[PDB]
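Contents: one structure, followed by commentary.
Note: ideal-geometry Cβ built from the backbone for every residue, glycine included; neighbour counts use all protein chains shown. Since every read-out is calculated from the coordinates, none of them should be taken as a lab result.
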2 protein chains.
Amino acid sequence: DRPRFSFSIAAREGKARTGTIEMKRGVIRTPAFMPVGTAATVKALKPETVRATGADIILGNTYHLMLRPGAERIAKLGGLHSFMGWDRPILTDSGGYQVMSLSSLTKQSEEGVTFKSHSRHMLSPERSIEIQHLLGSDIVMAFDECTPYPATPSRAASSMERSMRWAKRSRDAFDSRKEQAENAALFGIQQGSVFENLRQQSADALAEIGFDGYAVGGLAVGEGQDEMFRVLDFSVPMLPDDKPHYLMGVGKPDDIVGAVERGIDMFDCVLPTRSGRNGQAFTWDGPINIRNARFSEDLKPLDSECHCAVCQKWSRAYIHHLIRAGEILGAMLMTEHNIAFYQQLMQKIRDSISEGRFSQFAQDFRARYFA
Amino acid sequence: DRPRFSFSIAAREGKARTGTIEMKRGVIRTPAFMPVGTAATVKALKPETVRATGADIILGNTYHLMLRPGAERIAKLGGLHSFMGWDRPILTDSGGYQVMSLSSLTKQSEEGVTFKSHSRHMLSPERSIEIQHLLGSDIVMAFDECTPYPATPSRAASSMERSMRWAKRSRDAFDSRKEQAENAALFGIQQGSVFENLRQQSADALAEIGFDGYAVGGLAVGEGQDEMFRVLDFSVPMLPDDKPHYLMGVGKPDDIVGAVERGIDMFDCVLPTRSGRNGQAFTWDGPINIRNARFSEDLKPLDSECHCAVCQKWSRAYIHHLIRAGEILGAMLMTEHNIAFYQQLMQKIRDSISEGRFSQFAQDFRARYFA
Ligand SMILES: C=CCOC(=O)Nc1nc2cc3[nH]c(NC)nc3cc2c(=O)[nH]1
Ligand SMILES: C=CCOC(=O)Nc1nc2cc3[nH]c(NC)nc3cc2c(=O)[nH]1
Ligand SMILES: [Zn+2]
Ligand SMILES: [Zn+2]
């Protein structure tokens with residue numbers, strides 16, 4: 001039987017790594033992309049379709065699930081895996097980001113965050129870890145605070161310091177719960193905004209506590225790709241080399257490629273699902289908006305090389321019609337293609353690192369995608 | 001290779017019949033239920049899922065398709081079958097009903113109907129048959145007028161007489177187009193409101209023209225089940241026994257059972273798809289509204305006996321959550337179950353007629369469904 005958690009690196013090229021995370025519910029190939037399963041569904045896809053695209057693990061939103069249908073209710077029904085019909089690993093976020101971005105009103109303190117639903121509710125390190133346990137999460141995220149951008153050095157420091165205190169509370173809550181500690185993994189989240197010294201203090205604090213994996217938090221919050229890459233340049237080397245590195249909320253295909261070049265192993269983002277429902281399809285020649293009139297009689301598939309079931313059967317012209325008409329099948333087909341495209345990107349990244357040709361792949365990818 | 005059209009009756013019980021329609025694109029088992037594929041999609045289902053539920057044929061809406069994406073455009077793209085990815089028979093309606101129920105403004109005359117889109121457009125017997133040809137329909141419906149209910153005898157007669165003149169024009173238009181006449185079938189539509197003498201005149205006119213199948217039009221327009229059954233009692237025996245009998249726009253499960261008892265072979269209705277998206281699931285114990293709070297923690301499948309993929313995997317509690325949350329997957333799962341339920345109903349009808357026990361099946365079905 002598989003271990004609780006084992007990360008093995010099979011090949012490296014510069015800062016990039018490829019390998020596997022073994023967990024009780026399955027193997028995760030890295031670098032990995034996690035489709036987002038917001039409120040117990042990857043929007044518009046059956047779980048079998050999510051798996052057919054190549055996904056090894058999905059993300060669940062703790063903030064949404066604790067509000068509807070409720071964490072205790074999901075536990076009573078047998079846990080999130082049984083409830084939604086996904087039997088492979090699930091990573092749950094902590095709620096610390098979505099509570100601040102989606103709640104109508106919030107009250108922040110050293111204890112946690114009190115908030116009104118968009119009903120009064122509470123999130124703290126202890127309650128977040130408990131909710132993730134009730135959901136039956138395989139990878140549990142420490143409860144943190146995503147510092148707004150831009151941030152002054154003083155405010156970034158105060159925020160990061162609170163997050164590190166919350167990281168220790170998250171560790172202790174996770175470890176106190178025997179079944180969770182034995183069957184799940186816990187990741188810590190680095191903060192510190194764009195400041196190298198704060199990023200280093202945060203990395204040091206997280207390594208002293210000790211986690212199964214380490215996320216670079218506080219990015220993709222408005223700073224732009226150049227600045228995100230500059231922060232990753234110094235931030236990723238601060239994290240333990242032998243554990244996974246997770247960049248949450250990222251991103252566009254070129255964001256992912258450049259982040260892998262900087263040592264990131266795991267990603268999640270709503271872009272392929274949400275923008276798919278809006279009509280944006282990803283292709284190796286860049287994104288297209290299928291709503292555009294130029295696609296009304298285009299018999300080609302969404303992408304000329306994509307191996308997904310959508311590109312094997314249906315034309316741009318048909319999908320154009322469905323999206324223009326507001327048809328559910330349009331959202332279904334766009335989403336399946338986009339998630340499959342993201343998985344094919346991850347597969348090409350993994351294969352190119354394994355073969356020592358990732359630098360060339362990244363150059364060729366960018367030249368064609370931006371042509 | 002299969003013929004253009006062959007209807008064979010394999011077994012009978014009273015007025016009920018079971019058998020097959022053979023056409024170039026496939027075999028249709030009768031009595032048959034046709035899922036409705038409005039604007040080139042059975043809403044929320046891939047065609048492969050429609051087929052997996054047991055459907056042999058689907059219906060397409062001529063009124064919607066001529067407006068978006070357009071009939072000429074669909075023909076340029078290779079026809080409706082290729083466009084939407086359904087390679088089995090498609091029956092198209094004529095537009096004569098939806099033009100009057102959905103258009104913002106209409107002008108009726110002996111030539112046809114001029115209307116404004118909900119852009120000015122025209123429908124006549126000749127244009128309707130042409131549009132159905134451009135779509136590549138396998139079963140073409142004559143262009144008719146569905147008399148409003150209630151109707152005075154005078155107005156029902158005048159309306160029926162116009163429909164019979166339009167039926168002859170539809171026949172001649174279909175026959176003039178060699179490729180259509182050789183590869184598709186044409187059905188005529190009986191009118192006459194609730195009046196036996198008008199129903200007989202209409203049946204006589206349609207049989208004199210000659211069609212491949214005969215529909216009972218003008219019902220399910222507000223008259224109620226008792227009156228619909230009373231009209232079917234005398235109307236179906238007026239139609240040629242050796243051709244299929246089609247009751248369009250019907251209906252609830254008990255409507256279908258009683259209509260088969262009266263000699264109907266084919267049905268279509270938006271009820272399973274549209275009401276599925278709204279939260280109504282059909283079960284052998286009657287319909288349920290999955291939104292109801294009583295299902296929030298119910299781990300049973302939608303129906304205890306249903307063989308569909310939804311009932312094999314997901315609980316009422318999960319589907320309750322999805323529909324309450326407005327999630328696309330909720331519409332997908334409800335629709336697949338409801339269409340599968342309708343197909344299982346048709347299969348039980350066909351098997352019970354084949355075995356000479358349909359009368360008992362109808363009694364047992366109604367006793368449990370209405371308990
Ligand atoms: C999902 C993983 C677990 O994350 C947490 O528990 N907290 C957390 N979530 C984030 C989410 C982000 N999305 C973006 N941009 C779209 N930037 C983000 C930054 C953070 C962050 O600093 N912390
Ligand atoms: C679809 C088959 C082809 O039908 C036509 O070309 N015309 C036609 N459509 C109808 C549709 C109906 N729906 C209901 N109730 C929901 N009653 C209906 C009656 C008619 C009718 O009399 N004619
Ligand atoms: Zn594709
Ligand atoms: Zn079912």
Check the axis relating chain A to chain B and name the residue of A whose C-beta is nearest, distance in whole Å.
A:328, 3
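Grab the alpha carbons of chain B, take their convex hull, and tell me the volume per residue in Å³.
Details: hull volume 51.1 nm³, N = 371.
Dividing the Cα hull volume of chain B by its residue count gives 138 Å³.
Size of the dipole of chain B about the Cα centre, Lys and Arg at +1 and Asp and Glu at -1 on the beta carbon, nothing else charged, in debye to 20?
On the way: 45 positive and 45 negative charges, 200 e Å.
Computed charge dipole of chain B: roughly 960 debye.
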Over the Cα atoms of the protein assembly as shown, each weighted equally, I'd like the Debye log10 I(q)/I(0) at q = 0.07 Å⁻¹, rounded to two decimals.
-0.59
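Rg to Rh for segment A:6-95: what is it, with Cα atoms only and Rh by Kirkwood?
Working: Rg = 14.5 Å, Rh = 14.1 Å.
The Rg/Rh ratio comes out at 1.03.
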Once the mean 1/r over all distinct Cα pairs of segment A:39-187 is inverted, what Kirkwood radius in angstroms do you read off?
16.0 Å
Work out from phi, with θ = phi - 60° and the Karplus expression 6.51 cos²θ - 1.76 cosθ + 1.60, the ³J(HN,Hα) of each residue of segment A:62-71, listed in order in whole Hz, and give x for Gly and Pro.
4, 4, 5, 5, 5, 8, 8, x, x, 6
List the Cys residues of chain B that have no partner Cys with a C-beta closer than 4.7 Å.
B:146, B:269, B:308
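Would you compute, from DSSP H runs of 4+ residues alone, the mean residue ellipticity of chain B at 222 nm, taking -39500 (n - 2.57) per run and dividing by the full residue count, rounded to the nearest 500? Present the calculation step by step, with values, prior to reporting the outcome.
On the way: 16 runs with 164 residues, N = 371.
So the calculated ellipticity at 222 nm is -13000 deg cm²/dmol.
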Which FRET efficiency value, to the nearest 0.05, is calculated for residue A:226 and residue B:105 with the Förster distance at 51 angstrom and r the Cβ-Cβ distance?
0.35
Say a label goes 7 Å from Cα toward Cβ at residue A:325 in every copy; what distances in nm does this one have to the rest, shortest first?
2.8
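Translational diffusion coefficient of segment B:72-115 at 20 °C, 1.002 mPa s, Stokes-Einstein with Kirkwood Rh over Cα pairs, in µm²/s as a whole number.
Numbers: Rh = 12.7 Å.
Answer, rounded: 168 µm²/s.
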Answer with one residue from A:349, A:64, A:95: the one whose Cα lies farthest towards the positive end of the charge dipole of chain A, charges on Cβ with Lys, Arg +1 and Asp, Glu -1.
A:64
Nearest-first distances (nm) between copies at residue A:3, label 7 Å from Cα via Cβ
7.1
Calc'd 3J(HN,Hα), segment A:20-36, phi into Karplus 6.51 cos²θ - 1.76 cosθ + 1.60 (θ = phi - 60°), Hz, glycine/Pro = x, comes to 9, 9, 9, 9, 4, 8, x, 9, 10, 7, 10, x, 10, 10, 9, x, 8
Relative to the other copies, what are the label-point distances for residue B:347, with labels 7 Å from Cα along the C-beta vector, expressed in nm at one decimal and sorted shortest first?
3.3
Going through B:300/B:348; A:313/B:76; A:178/A:252; A:300/A:348 one by one, the pairs whose alpha carbons sit over 27 Å apart turn out to be A:178/A:252
Tell me the volume per residue, in Å³, of the convex hull enclosing the alpha carbons of segment B:91-164.
98 Å³
With θ set to phi - 60° and the Karplus curve 6.51 cos²θ - 1.76 cosθ + 1.60, what are the ³J(HN,Hα) couplings of segment B:198-203 in order, to the nearest whole Hz, using x for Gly and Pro?
6, 4, 5, 4, 5, 4
Looking at chain B, what % of its DSSP beta bridges pair antiparallel, to the nearest 5?
55 percent
Using alpha carbon centroids, what distance separates segment B:278-353 and segment A:162-192, in Å?
40 Å
